[PDB]
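Letters A, B, C, D and E name the chains as they come in the text, with residue numbers starting at 1 for each one.
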Amino acid sequence: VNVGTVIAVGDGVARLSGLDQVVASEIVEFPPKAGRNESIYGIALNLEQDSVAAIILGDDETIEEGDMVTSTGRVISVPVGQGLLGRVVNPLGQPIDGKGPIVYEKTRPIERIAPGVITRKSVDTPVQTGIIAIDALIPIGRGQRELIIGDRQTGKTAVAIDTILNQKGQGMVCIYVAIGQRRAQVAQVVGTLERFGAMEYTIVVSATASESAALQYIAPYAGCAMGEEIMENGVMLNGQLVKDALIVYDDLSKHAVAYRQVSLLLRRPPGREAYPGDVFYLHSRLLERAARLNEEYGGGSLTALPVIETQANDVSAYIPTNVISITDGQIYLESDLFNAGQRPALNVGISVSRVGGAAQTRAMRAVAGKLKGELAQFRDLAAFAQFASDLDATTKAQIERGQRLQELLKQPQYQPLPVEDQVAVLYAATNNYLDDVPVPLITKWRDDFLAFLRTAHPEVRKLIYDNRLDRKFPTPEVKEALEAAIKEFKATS
Amino acid sequence: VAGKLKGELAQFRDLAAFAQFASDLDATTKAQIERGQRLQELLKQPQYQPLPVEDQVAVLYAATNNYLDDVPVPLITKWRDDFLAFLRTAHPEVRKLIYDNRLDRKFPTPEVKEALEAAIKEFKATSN
Amino acid sequence: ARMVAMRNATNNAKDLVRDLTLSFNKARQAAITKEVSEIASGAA
Amino acid sequence: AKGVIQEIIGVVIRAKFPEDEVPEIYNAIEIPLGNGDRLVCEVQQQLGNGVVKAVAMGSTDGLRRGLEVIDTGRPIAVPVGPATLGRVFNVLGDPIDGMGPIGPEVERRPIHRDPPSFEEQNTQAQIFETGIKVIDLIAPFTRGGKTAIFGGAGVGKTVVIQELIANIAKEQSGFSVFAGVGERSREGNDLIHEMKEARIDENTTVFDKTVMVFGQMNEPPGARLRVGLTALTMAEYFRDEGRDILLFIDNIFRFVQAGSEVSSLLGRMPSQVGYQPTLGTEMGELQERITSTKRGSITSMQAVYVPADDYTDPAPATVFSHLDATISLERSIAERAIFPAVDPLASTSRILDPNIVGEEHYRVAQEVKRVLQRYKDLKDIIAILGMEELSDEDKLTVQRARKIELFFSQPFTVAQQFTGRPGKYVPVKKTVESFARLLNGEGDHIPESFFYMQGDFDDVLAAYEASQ
Amino acid sequence: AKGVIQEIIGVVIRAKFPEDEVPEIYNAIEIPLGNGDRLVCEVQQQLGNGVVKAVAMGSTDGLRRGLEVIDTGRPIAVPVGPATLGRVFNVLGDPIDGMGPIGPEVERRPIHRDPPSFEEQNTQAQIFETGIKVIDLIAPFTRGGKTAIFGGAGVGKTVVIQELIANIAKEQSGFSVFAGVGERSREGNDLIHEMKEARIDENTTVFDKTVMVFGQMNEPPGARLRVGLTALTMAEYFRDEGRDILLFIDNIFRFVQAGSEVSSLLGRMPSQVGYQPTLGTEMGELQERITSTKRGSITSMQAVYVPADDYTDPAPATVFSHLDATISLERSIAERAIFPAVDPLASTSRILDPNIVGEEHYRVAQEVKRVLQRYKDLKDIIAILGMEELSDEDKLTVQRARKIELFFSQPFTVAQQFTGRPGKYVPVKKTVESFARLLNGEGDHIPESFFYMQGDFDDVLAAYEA
């Protein structure tokens, strides 16, 4: 009664006649036969009468008509635990890094309802991305959904990888789900994570472009199941129990394309932009599971960083607006700024984070609020920037200050900055200590300044780090010590 | 009556191009566009205030026969309203006469042409 | 001054042409998608 | 009763019942599902010899063919009455808050009821002061009538809704109902809980006068489809007894999108862009229940999500004809840092009538639309030729229009999280006076940048004097 | 095996087989044509009890329902090896040139392979040195990475292709594969045959160093769909031997169009603007075997035709999602006799970052584009008032920009016989040094001439002295 026979293999769907006692989303087995040593699984979805349509999680040319299928009695699930840490795996949980088989005590069922409304709490603990602009103007907290939306090659993957790299001593379990990405870009990401030693806390789920549309559709859900296991049960990282996870879904636009292919191959009616009518449900049920649980339900969190690729900077498309509505905040990465040299290209004028502003260290917001004000003044005066010698002292000073701040925001790739360094640099730049510094070297200056605090005054950095939770960060002791630090560094330089 | 109205409105729509940009137009075009604006402001009727056929005919005759040229645009609607009150109080017989012979081949009968232009001129002196 | 004003106006018109071309291409893709969707619906 | 599941297509379950015991069209059937918890489906179609197609309103991803289904014989019944005040419910009427279940003595009413007849309709309405300049001036919020905001993804629909609730929820003079159909459980709810429980009305919190039914983005299509009807059933009891009700439904669109997914799984012939053929009828059945009658009044405020940025989408196009006041939020305005983001030219209201709202208010609103209509007529000329080519009066109208656009912006008390501007509450009289003064000419010398994130005109003048 | 044709609807046919031995998907069933010739159909769907729906890949006009069908038990078998070099094949692997059959001794591999696993992928990206100054500086190649070329074919695209083949042949292992997807029989087959046989390098013709697979226009949509996979199968043999391969795919948009036509014929629901629902998956089956593995690397240059002028159209969008560098040949740059008519401003590359090509390479490339961009801005003003109004330094940038854009020209070894000028292979480091020394001020006294069709800066000076 638990065994069936395939009666038709088509557009990635097998009809699996006579498979009674199958639940609405089992993972059918397709046991191995002659010519196929390994087993490819499938998701039964249309439990119609006397036939069971099943998406084939893999290449559909492998199975034939009449192939035996065995019901596993399990709703579609991914193995999860501490064994997944540091392993690049398929959306099915099978490993692809070649290191060895995955050791897992339990498997979590993907495609589950989110914890709910009551079982949530407002975000309070910040997430330090390591980017000055992101951590200053677009605060990110644990358990919120922040969207990285940009135009093709603009640095969305770079921003996500920098955020993953920075969470080394922050007790985070970073999850990187590569949906539809070419194998070269996944290999390069894995290598970058290995070089910086971030794979000790990173789980990578890879669903590449060559793989079937069955994958790239369950990959984000497998990653989110892993994140949910981190959020609820927690794992052992650096000897302590961590229950906070960070998940980067990468291109959900490719996820939407994969689901569109799956739906159209199932002859489901098309909707706007030929996407199925439930693509919003897809991305919502994927992202809504990223939550900040309250104390009674564990207190864990799961931060989500979906990535959306737009065409010609069109944020008014179907999938980008769906994800914008679902997510809490947006990080617009303009292509014009990226080509202009501002590699951390952020459209700070219209990028925003609805929640997480309160989930920011008091020091960082204390030094970033008037930074935001000055950047707004720069954006307003960009219209007057065209005129020469027709601007008074105030407007010219504001323009120079804004240019200095923008040059400060320009940060090279693979160089995360600790929160204390960020707040110190912002203090120095935004309290008129950098007016004499010429613009083209400010970025350089920043690096040198950091080295100063890395060698001359480690105690200053430690004191700033300890005094980041206080209501009034500019306490006389830290203010005097930091001012002395910049005064000493400027004199030497 | 409405042939002149339609022609002048279409011609004003045609000269809207010069109205938007050009400020050096001759006095003929200035008065022409001014008449177009007069006629457009005449049609800014309120809600739930229908005008019978005689009233509309009287107003259109007043506007098309240059009796409304001196009135500035923002008051024209008010003008029209006030004008009707005049005909509703001072002279109902002119409205009755207009309605009675609205089916004749040549509406501007000398009997109709008088006691209406006279009524318009009387209203002009009374108001402003 | 007229030369400068017409240079600025030509640049603005070229930018507006680029924006309108983007919008027209989006509308063209939407029209093709709608046509094929309704044709497939009528066929099925 | 005691049918068997034949097919499980998505959240649509086909079940075969005995020939003489077929469930009715809108009856609720139940899968025991084991574990002591059951899955409540709602019948939608009758297909033949005892076969009925129902919507799961649940996970429906772990149940097999041949499972038994028990016919309750009645549609979904939700608790109504004062017992539902201050509690949070599912689509099924089951509380999800920590407090205990509703007692059996509490009346249960079906979620499917006929809308009020033509006799019961109450066409009397009056202005409802909300403290938002653009809303209270261009498209007045209507007491006892239907109003909604149509916004894209990036605009601040949630911020506007939260500000409205904060402004008008303390002085309710009645109970309130909030339905969270297809909305984030991060902000749409569980932080409206924080704000509603924090607000206090003479030692009774606003949350103590609120019935909140959720069914948000995580729920399957059936829950999002029927959560609006559940909330309407809980509010109709209070309306029928005379209590004034403030009704806040979130993303009526999400209600329509779910209907679309349910219809797609039901095999109905798709219409327009994948939407259900029965879109207009479903919208009517939900919305005609949101009416103020001669027994009580419902002051309803709705939100509508426009897919992409297409206002011609069938869902908003169907909503538009069911409202007394329409407030259109545009992305272009929002991207200009104008966070209220309301487009005055695309926002209307029925009570914007000199008999209802006042002669001065009506004149000011009409002039504030005629300006910005002159601006929309000259957008391309300014874009290509520039400001100089316009005439002097046209230049003045364009300057006043841009000043008005900046002045419609207003900080919100609930926007302190990401904006440093303190919130401002501008009464309707102050808004009318400020805009009349702006239209007269006062404030012409003031630069436009001083109209951004301000309250009434006095605040702008004070800021100008501070800048000297 | 031994099925019978059950249905013939255009190219799409259906074949009934016994309840067992039903062919898999992509199994290349064969129909005898009453003679030695045969019709190879690729199974695309399995239906019901033994019926399989397949694409004809042939005339399918002389067929009758009930005709014998033979299952090959494997995808389209394409010959691979050194025997394929210097020969021209179709999608099915049959040599369409004058020479005879390949022979049973030569290995045949399935057309539908799998992209290299995650382990075999290179962790770091290595720059592929083509030797052309503008290509190697403005839009540098990536070893094992895809590349797109945009042109109207009247701007010397074939010259660039031949130069790349010759450079890899003479300075590397040097085998190339040319996939003429949607290739015209006259313009794209005989003209390229004569060009490649006439073009010679170190006593060996370019044609002898390349394997050419032509899925022509007149072939059914399945043939144009699978010709690219045939080319990848042929190139993968040389890649597995550790060699480095260049794969030139002409008009990959024609591959996309063939896929769309096949999907429409099969009855699949349409997606977006008349595109297949399996657009991303089909583009991933291709262009994913084009990777730089541990053993070897396949670097591909793919001509891309943009429908209308949409870079947001789904076909060019899916192509761009897999691209590492874009080269934009432009008509005006070629009207003036700059044969390497690569538009530096339009052409970009992903690998042009400091962490890969070096800080010096990045710095000079940006400055080269910066002065050229300034020149493009002043193209209006120079026609506006004359060069006189331009300020000094800006006048230098215009003068320098013209010299550098003339210096982008480079003699080609494949064009030696036509122009009587020896080809010059300029390494990437030499190119960077030459252009940095051009920008810093050296050669300013040299006029615009003596930079035309030269090699390094050393060539520009030596010529000036003489």
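The rule is simple: contacts are C-beta pairs under 8 Å (C-beta built on N, C-alpha and C of every residue); 3 or more make two chains touch, one makes a residue touch a chain.
Protein names from UniProt, one per chain: A = ATP synthase subunit alpha; D, E = ATP synthase subunit beta.
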Distance in touch steps, counted as few as possible, from chain A (ATP synthase subunit alpha) out to chain E (ATP synthase subunit beta): 1
Those chains which touch chain E (ATP synthase subunit beta) and also touch chain C: A
Chain A (ATP synthase subunit alpha) and chain C: spacing of chain centres that average the CA atoms, whole Å: 33
Interchain centroid distance [CA atoms averaged], chain B/chain C, Å: 45
Inter-chain centre distance, chain D (ATP synthase subunit beta) versus chain E (ATP synthase subunit beta) - centres from mean C-alpha coordinates, in Å: 54
Inter-chain centre distance, chain B versus chain E (ATP synthase subunit beta) - centres from mean C-alpha coordinates, in Å: 75
Shared interface positions of chain A (ATP synthase subunit alpha), touching two or more other chains: 267, 269-270, 273-274, 312, 314
Chain D (ATP synthase subunit beta): positions in contact with at least two other chains: 270, 273
Per-residue overlap in chain C, given as positions that touch at least 2 other chains: 22, 26, 33, 36-37, 40-41
Pairs of chains, among all present, that meet the touch criterion: A-C, A-D, A-E, B-D, C-D, C-E
Residues of chain A (ATP synthase subunit alpha) defined as touching chain E (ATP synthase subunit beta) within the complex: 7-11, 60-66, 88, 96-98, 152-153, 180, 182-184, 186-188, 190-191, 194, 206, 208-213, 254, 257-258, 260-261, 264-265, 267, 270, 273-274, 311-312, 314, 413-414
Complex contacts: residues of chain A (ATP synthase subunit alpha) adjacent to chain C: 267, 269-270, 273-274, 312, 314
In the complex, chain D (ATP synthase subunit beta) residues that touch chain B: 381, 389, 391
In the complex, chain E (ATP synthase subunit beta) residues that touch chain C: 269-270, 272-274, 308-310, 312-314, 380, 384
Residues on chain D (ATP synthase subunit beta) engaged by chain C in the complex (per definition of touch): 269-270, 273, 380, 383-386, 388
